[PDB]
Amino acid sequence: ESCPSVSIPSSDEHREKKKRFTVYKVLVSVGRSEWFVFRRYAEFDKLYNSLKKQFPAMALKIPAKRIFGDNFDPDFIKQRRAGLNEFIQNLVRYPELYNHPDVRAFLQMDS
């Protein structure tokens, strides 16, 4: 029984097809191994919806999805990062959740 510890210390800006998007640099730690996994907001949202369909009764919060304005505003990104970090830290509080195959793949815990 080894519970993962996670955090999101920073975010970076990536590009695909000349189009900008933000990735959150997620630090994962299990036992004495640690690694980073990059995940953008749409992926956290995808994980959340999936988990919410399976367990429609948890009170897990995910930051807002529809933003009116500059979604690259630094203050906005920093607040979004804090919200995403709270979300994942609550996920790992429950073995029922951190052992779920989608959470493990999201965090690359079985690589």
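When you see a residue number, it is the position in the sequence shown, counting from 1.
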- Query: Which is higher in the entry, the mean Cα B factor of 38 to 46 or that of 52 to 60?
  - Reply: 52 to 60
- Item | Higher-scoring stretch by recorded Cα B factor average, 102 to 110 or 1 to 9 | 1 to 9
- Looking at the C-alpha B-factor of residue 74, is it in the lowest, middle or highest third of its chain? middle
- Would you mind ranking residue 32 by its C-alpha B-factor against the rest of the chain and naming the third, lowest, middle or highest? highest
- Query: Considering only modelled residues of the same chain, in which third does the CA B-factor of residue 66 rank: lowest, middle or highest?
  - Reply: highest
